[PDB]
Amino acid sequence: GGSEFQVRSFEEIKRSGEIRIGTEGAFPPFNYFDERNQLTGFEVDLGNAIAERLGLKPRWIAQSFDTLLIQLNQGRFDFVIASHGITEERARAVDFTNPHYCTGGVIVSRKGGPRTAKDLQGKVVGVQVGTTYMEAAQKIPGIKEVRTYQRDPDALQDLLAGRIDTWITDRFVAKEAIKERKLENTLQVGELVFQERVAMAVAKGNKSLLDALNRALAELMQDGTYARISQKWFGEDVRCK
């Protein structure tokens, strides 16, 4: 159906009564399509609670991860919530909110497989395109091959099939995939390779919206809504401490 692309200030958004939110929809349990083919996840619930707290009806747009930041700047959405770690490189093209969770990238291998960055010597490592996982894998020398996937669950599929030695991904995504697929006796979570603060993104220079999102997030963290949503998803509070 197409849409009107525009980078919108907070007051322009407020006038419309609607906030357009970009996400990926292939990164469970943060944002994904469930068994009845509807968009959900910790970040969807969070996104909706943000929209609500601002007096705005959310309109969700799922699309491939590698495209999200560039379509944000082109004006397809007002903000993106799609598990983006804050990086200096990314902050050149977008403005990040205060982080809505903290986490890290972790080595995942089959039983008896690589557990440390050092173990990745002559190994084949699977990572999703445009991610901090791919970025870190590119900097670990002596990996035989960094294999890059458009979608992160595809890397998991290749780890299981034995086409790669190691998948590097988010620690919560790794834990949940193992629980979901009952892979406790088949997969092995190794070392935390790096830690990261994960945040919403706004088009570069969209300071009015940036500030409103920060305020709404602060409010959710104070009024118990964040705690409730984190509990539902993780049985614990995942905010940066």
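Numbering starts at 1 and follows the sequence shown.
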Please work out which of 21-29 and 227-235 has the higher mean CA B-factor as recorded in the PDB entry. 227-235
Looking at the entry, does 133-141 or 76-84 show the higher mean C-alpha B-factor? 133-141
By the entry's C-alpha temperature factors, tell me which of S208, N214, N48, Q188 sits highest. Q188
Should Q121 be placed in the lowest, middle or highest third of its chain by the C-alpha B factor in the entry? highest
Lowest, middle or highest third: where is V193 by Cα B-factor in its chain? highest
Splitting the chain's C-alpha B-factors into thirds, which one does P99 fall into? lowest
Ranking the modelled residues of this chain by C-alpha B-factor as given in the entry, is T148 in the lowest, middle or highest third? middle
What third of the chain does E43 rank in for C-alpha temperature factor, lowest, middle or highest? lowest
